[PDB]
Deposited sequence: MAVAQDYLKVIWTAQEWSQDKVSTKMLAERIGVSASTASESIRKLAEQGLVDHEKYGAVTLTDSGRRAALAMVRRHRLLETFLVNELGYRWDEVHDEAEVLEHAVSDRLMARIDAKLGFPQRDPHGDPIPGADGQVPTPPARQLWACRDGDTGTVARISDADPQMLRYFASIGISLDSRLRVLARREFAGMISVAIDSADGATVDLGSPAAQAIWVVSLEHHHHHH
């Protein structure tokens, strides 16, 4: 039932259990659903950061693991992970790690598809909904904090070329439309 909270919430970022969340005064996300979904997101993202940074994972596999440990990790263990991790703020993908209060440090970023020619920015967020995408960005050089310079906006070709802190590369419309970037 709690698997849809990190969905209904992450939408702005099967009815069986939907009528079961509202059975807890939880759901139309009310005031409690925000902190519930934000807590579960905190656990998931923190697990991603821990597996990647400490246990030497790659940012594409790290998801399918944390989707089960979230239902077997205590709050003590989670707080000591958050302590060892340096109290982080973001995924290895750039997904913001909220605080225990509802901080959710969202960065002022728009999608690489929303940019135009001559614009520059820093890769602050990469979508994780598909590991092949993260494998591709690992293949090129699109990591976090990478600085991109948009060269060509060919909407007719459904592409957009960018320059990377290294070389140029051509990214498709759905490719460069996951990856979020902060301007200038």
Legend entry - Deposited sequence positions missing from the model - stretches, numbered from 1, in order: 1 to 3, 17 to 37, 52 to 59, 199 to 201, 220 to 226
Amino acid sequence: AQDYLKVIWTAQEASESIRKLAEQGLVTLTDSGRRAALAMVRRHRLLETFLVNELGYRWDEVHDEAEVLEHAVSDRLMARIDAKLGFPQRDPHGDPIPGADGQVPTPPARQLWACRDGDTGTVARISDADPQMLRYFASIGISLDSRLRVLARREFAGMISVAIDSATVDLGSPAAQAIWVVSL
From here on, numbers count along this sequence of modelled residues.
Inset, instruction - Report the stretch with the higher mean CA temperature factor, choosing between 142 to 150 and 31 to 39 on the basis of the entry. - result: 31 to 39
Legend entry - Mean Cα B-factor comparison, 63 to 71 or 45 to 53, giving the higher one as deposited: 63 to 71
Legend entry - Candidate residues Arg116, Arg58, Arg125, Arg135, the one whose C-alpha B factor the record puts highest: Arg116
Inset, instruction - Sort the modelled residues of this chain by their C-alpha B factor and say whether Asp101 lands in the lowest, middle or highest third. - result: highest
Legend entry - Among modelled residues of the same chain, the CA temperature factor third for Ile179: middle
Inset, instruction - Going by the recorded CA B-factors, say which third of the chain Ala22 sits in, lowest, middle or highest. - result: highest
Inset, instruction - Relative to the other modelled residues of the same chain, rank the CA B-factor of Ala167 and answer lowest, middle or highest third. - result: highest
